[PDB]
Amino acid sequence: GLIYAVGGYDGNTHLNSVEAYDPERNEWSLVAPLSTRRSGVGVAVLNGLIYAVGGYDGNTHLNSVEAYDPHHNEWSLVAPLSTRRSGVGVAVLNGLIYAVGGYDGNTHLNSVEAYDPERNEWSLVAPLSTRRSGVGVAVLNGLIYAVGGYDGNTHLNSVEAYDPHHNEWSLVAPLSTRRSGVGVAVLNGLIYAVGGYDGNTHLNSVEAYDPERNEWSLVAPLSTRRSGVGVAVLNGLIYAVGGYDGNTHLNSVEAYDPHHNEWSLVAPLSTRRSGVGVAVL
């Protein structure tokens, strides 16, 4: 029932710090830090553990992965990716962690790898049809959706979905707006694409995808522009954590109520964090 904000960039420093949000107290508290600084990190929850995948330590784009045990309040390294990946999208499906796309330091990636915690190993699965760093990823109805991103030359409005039973990606309806550094989460059978960067400006706009109609619709915009924003769903609300508003890196946090279709501010992070990974545990 807590939101964890993992790593990020405060405007000067790539962070190893981690903090947790308690909606009942409306308060953030620091927890144990990562072993390595990570901005542009992908985060996912599996088997009661938080996995921090890849990212950038201010020097090198990372293949390392570490896992957080809230009962020990400690991070431990697990098996590394086959490819260095910052700006990577991460989602959990059928007991596996998928690492989608990202940037290895010279190339924007279309490759995808999956982690099996039983074997503690990563293996490649089918690649994206499009290279995607800064990509948002979420799982809905047994499919993994890769939303937007940057292919090396263009900020993307395209969206594709992964079927693990066929080991195949398929294009679905594209966003109305190009978005890299976009935050994505799933709520009430819809995928929300939050903020991002369209190549011209950082965005406050938000779009929601309905798989039944295969179409995106705009919903209420954020109170502030946010790219590199972490997005997570808790208690029927969508939280947008941190990010970058085109001017500075943000410690502010807002929550979206789909019943009212409105965003409201909640308590801010102790630390400005763009390129932050967010997960609910």
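Residue indices: 1-based, along the sequence shown.
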Between 162-170 and 189-197, which has the larger average Cα B-factor in the PDB entry? 162-170
If you average the Cα B factors in the entry, which is higher, 101-109 or 67-75? 101-109
Identity of residue with top Cα B-factor, from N214, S227, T36, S39: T36
Out of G183, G142, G149, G89, whose C-alpha atom has the biggest B factor in the entry? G142
Temperature factor at the Cα of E19, chain-ranked in thirds, falls in the lowest
Can you tell me which third, lowest, middle or highest, the CA B-factor of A32 falls into for its chain? middle
State the tercile, meaning the lowest, middle or highest third, of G246 with respect to the CA B-factors recorded for its chain. highest
CA B-factor ranking of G277, expressed as a third of its chain: lowest
Select lowest, middle or highest to describe the third in which the CA B-factor of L218 falls within its chain in this entry. highest
